[PDB]
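Some notes on the structure that comes next.
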Amino acid sequence: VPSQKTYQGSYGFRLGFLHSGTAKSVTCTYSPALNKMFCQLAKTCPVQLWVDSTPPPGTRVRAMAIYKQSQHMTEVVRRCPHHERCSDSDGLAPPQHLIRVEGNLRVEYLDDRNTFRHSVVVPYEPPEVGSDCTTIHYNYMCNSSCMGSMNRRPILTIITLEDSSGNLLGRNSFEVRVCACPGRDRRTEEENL
Ligand SMILES: [As]
Ligand SMILES: [Zn+2]
């Protein structure tokens, strides 16, 4: 099982999220209290990389999903057969991969040879000039309620900062729910606090 231990590392690596709120029109919204992202299928999911100092050239940013619950954690998170077989290809992403990056022609996808786990990696870019963070647009290509894969089992996304040689520079994570009404579902999951 890949580590999910938070690790700010040498560069002070942390995640940020847009403050999108829970209006019914929201397609992507993050709950600080639950550290949980609520997303519509295949919609832009902005994840902000915040660093205290700029990591070197060739730094890369990896995303990987694992099941949150210990009893499922060894199971590879992958798209259900239906979504696997859907005609929603962007021509870069493997059809089985739950997490894609959109709007980045330098995206790289990995099926780990030994663990079989899926990940998607992009070059780290410094914040645009005048910005304080780097935003990656992720897409989640299968629903939490999909019976053929996650089937209501919660998943985590682990975001890793690695150098060009693959050494770990930093790590963070957040829970993800892929659903029809993220605004409503966030608001609802938060009313039980
Ligand atoms: As999202
Ligand atoms: Zn699915």
Side-chain angles (χ1 to χ4, degrees), residues 4 6 13-50 61-69 72-73 75-104 107 109 111 116-122 131 133-160 171-190:
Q4 62 183 253
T6 296
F13 176 56
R14 63 98 156 170
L15 299 180
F17 307 92
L18 297 177
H19 306 293
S20 300
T22 58
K24 55 167 196 178
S25 61
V26 83
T27 52
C28 179
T29 188
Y30 175 75
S31 175
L34 301 169
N35 182 33
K36 191 168 173 167
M37 183 72 84
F38 296 83
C39 317
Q40 280 190 346
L41 188 67
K43 295 294 181 92
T44 302
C45 192
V47 170
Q48 299 170 353
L49 316 178
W50 290 70
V61 186
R62 191 178 297 280
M64 182 190 287
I66 62 162
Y67 285 111
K68 181 185 174 196
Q69 296 162 308
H72 299 302
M73 208 170 274
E75 185 176 328
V76 177
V77 179
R78 61 167 58 84
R79 294 222 279 171
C80 71
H82 163 61
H83 279 129
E84 181 176 6
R85 210 162 170 183
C86 276
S87 69
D88 58 28
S89 187
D90 63 0
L92 300 171
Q96 286 177 356
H97 278 219
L98 168 71
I99 310 176
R100 295 184 187 171
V101 170
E102 93 191 62
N104 192 328
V107 66
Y109 290 86
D111 283 358
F116 303 132
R117 289 182 184 279
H118 301 159
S119 54
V120 54
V121 58
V122 291
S131 173
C133 62
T134 306
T135 299
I136 295 163
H137 291 158
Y138 289 108
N139 291 168
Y140 294 82
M141 298 311 305
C142 184
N143 273 308
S144 291
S145 67
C146 276
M147 292 159 278
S149 60
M150 286 159 283
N151 192 29
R152 305 205 178 284
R153 296 175 294 179
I155 57 147
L156 309 192
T157 303
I158 305 168
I159 307 299
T160 300
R171 194 195 291 108
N172 240 273
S173 61
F174 53 94
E175 187 172 344
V176 184
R177 176 175 168 80
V178 190
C179 53
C181 208
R184 183 184 60 175
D185 284 4
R186 172 177 161 197
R187 197 181 291 183
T188 295
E189 285 185 26
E190 279 172 1

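In this chain, residues are counted from 1 in sequence order. Read the numbers this way: they start at 1 and go in the same order the structure lists the ligands and their atoms. Just the heavy atoms: all of them, side chains too, but no hydrogens, waters or symmetry mates, feed the values below.
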> For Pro46, which residues count as a side-chain contact (heavy atoms from CB on, under 4.5 Å) partner, sequence neighbours excluded?
Replying inline: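 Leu18, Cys28, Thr44, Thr135, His137.
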>> Tell me whether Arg177 forms a cation-pi arrangement with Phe38, defined as NZ or CZ under 6.0 Å from the six-membered ring centre and within 45 degrees of its axis.
In response: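 No - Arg177 does not lie over the ring of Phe38 by the 6.0 Å and 45° rule.
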> Using the benzene-type ring in the case of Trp, are the ring centres of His97 and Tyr109 under 6.0 Å apart?
Replying inline: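 Judged by ring-centre distance (under 6.0 Å), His97 and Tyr109 do meet the cut-off.
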> Among protein atoms, how many N/O/S atoms lie less than 2.8 Å from the Zn ion (ligand 2)?
Replying inline: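 Those protein atoms number 4 in total.
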>> Closer than 3.5 angstrom, by distance alone: can the side chain of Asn143 be matched with the main-chain N or O of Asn151 as a donor-acceptor pair?
In response: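 No: the side chain of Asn143 does not pair with the backbone of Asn151.
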>> Using 30° and 60° as the class boundaries, would you call the ring planes of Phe17 and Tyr30 parallel, tilted or perpendicular?
In response: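 Rings of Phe17 and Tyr30: parallel, under 30°.
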>> With side-chain hydrogen bond (donor to acceptor under 3.5 Å, both in side chains) as the criterion, how do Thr22 and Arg186 come out once you've worked through the C-alpha distance, each side chain's angles and the decisive distance to 0.1 Å?
In response: CA-CA 7 Å; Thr22 58; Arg186 172 177 161 197; 5.9 Å; no
